[PDB]
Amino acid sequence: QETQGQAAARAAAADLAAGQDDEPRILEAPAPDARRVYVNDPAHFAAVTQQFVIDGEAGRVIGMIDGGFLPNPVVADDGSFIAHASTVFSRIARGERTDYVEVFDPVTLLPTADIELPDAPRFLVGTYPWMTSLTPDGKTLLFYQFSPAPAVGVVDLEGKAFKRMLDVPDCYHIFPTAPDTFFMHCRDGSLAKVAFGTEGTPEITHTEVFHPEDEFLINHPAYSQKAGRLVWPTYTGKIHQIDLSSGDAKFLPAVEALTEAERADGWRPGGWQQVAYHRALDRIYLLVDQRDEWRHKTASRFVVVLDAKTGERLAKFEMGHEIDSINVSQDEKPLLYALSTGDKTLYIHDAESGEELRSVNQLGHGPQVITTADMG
């Protein structure tokens, strides 16, 4: 119950009273661990943005990273580095555009690579995590391009060099499964497997269509790369689960995050990162609330937790704030992270009981994206 600032006052007074000297210096962040959490503030489309690195266990900002216009953050699951693809201009928001990838040491936050992406190829969109994606080995970063057409750029992080663009079909998002392979979701309702290990046009194969034209899959599916599990809610809270763990897509039984009765009573998912997935627990978390069908990007005050294998509901939590995005730590007794864009605050909950443990406020202008590493 003594706060961080109180304990810091007492330690400082004790150092003074004792005559203890210390050298003012640049701190290192504590080693990455399961409870580190990153919050990205796209700042309502501002030309410059921030990422907050937070110790979820103490509820403390441990560092920050500056970014350009709508950057896409990525976090290596083993904690070895973080990176983003970002965009700057020579006169704040006008003039020559430069898109680039930076890789950062996760303790000193110093950039260890800055890799220019030729011809300003990034897709500029409100931040979708799986629009820029690391391969499992951490050696490659893949980012999406929309103009002139869907394409995916390949960045060699080991060699610190942009490699090439891959032409793809009318598809969106990037879920990498191997060092040379990733999946995307097509307009026609299929997934596309894109295998690009050989040079030249990639080998692209489609699944059967897995959803109808009037079923809408949100922009923020959860993807656990270590599980190979893609968890993809629709506007009604029906959840598609695709298992990519064999290297090929297998469609798992669909589950409904809401009952027929709740749906008839107006319950619908809604927010930004609406869904989280805990790998060890094989558990799905979905932000939901009662809303009109076209208020799907508004905050929600409830989270439902359900077993991924059965679809059984395990919990429904009243979060107590207007929450836009959720995520979870991937350890035991995980934390459930609940970010409110409007409050610019990350609320940190016990994922089991749903209870609020601590919060971290003043996180930028319009924070929206939470990212954690799966270090287990």
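Quick note: we count residues from 1 along the sequence shown, nothing fancier. We call the rigid core whatever largest set of C-alpha positions still superposes within 1.5 Å between the two forms.
S.K.: Core-aligned, RMS over all structures and residues: is 191-199 or 224-232 the stretch with the greater C-alpha displacement in 9 other deposited structures of this protein?
M.R.: This comes out as 191-199, the stretch further from the shown form in 9 other deposited structures of this protein.
S.K.: If you average the CA temperature factors over each stretch, which comes out higher, 270-278 or 242-250?
M.R.: Result of the comparison: 242-250.
S.K.: On mean C-alpha B-factor from the PDB entry, just flag whether 87-95 or 72-80 is the higher one.
M.R.: The entry gives the higher C-alpha B-factor average to 72-80.
S.K.: Sorting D41, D66, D307, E28 by Cα temperature factor from the record, which one lands on top?
M.R.: Top of the list by C-alpha B-factor: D307.
S.K.: Name the one of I204, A161, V107, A222 with the greatest CA B-factor according to the PDB entry.
M.R.: Out of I204, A161, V107, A222, the record gives the largest C-alpha B-factor to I204.
S.K.: Lowest, middle or highest third: where is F317 by Cα B-factor in its chain?
M.R.: Its C-alpha B-factor belongs to the highest third of this chain's values.
S.K.: Pull the Cα B-factor of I54 out of the PDB entry and bin it into the chain's lowest, middle or highest third.
M.R.: It belongs to the lowest third of the chain when residues are ordered by C-alpha B-factor.
S.K.: Which third of the chain holds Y144 when residues are ordered by C-alpha B factor: lowest, middle or highest?
M.R.: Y144: CA B-factor falls in the lowest third of its chain.
S.K.: Comparing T198 with the other modelled residues of its chain, is its CA B-factor in the lowest, middle or highest third?
M.R.: Ranked within chain, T198 CA B lands in the highest tercile.
S.K.: Sorting the chain's CA B-factors, does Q368 end up in the lowest, middle or highest third?
M.R.: Ranked within chain, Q368 CA B lands in the lowest tercile.
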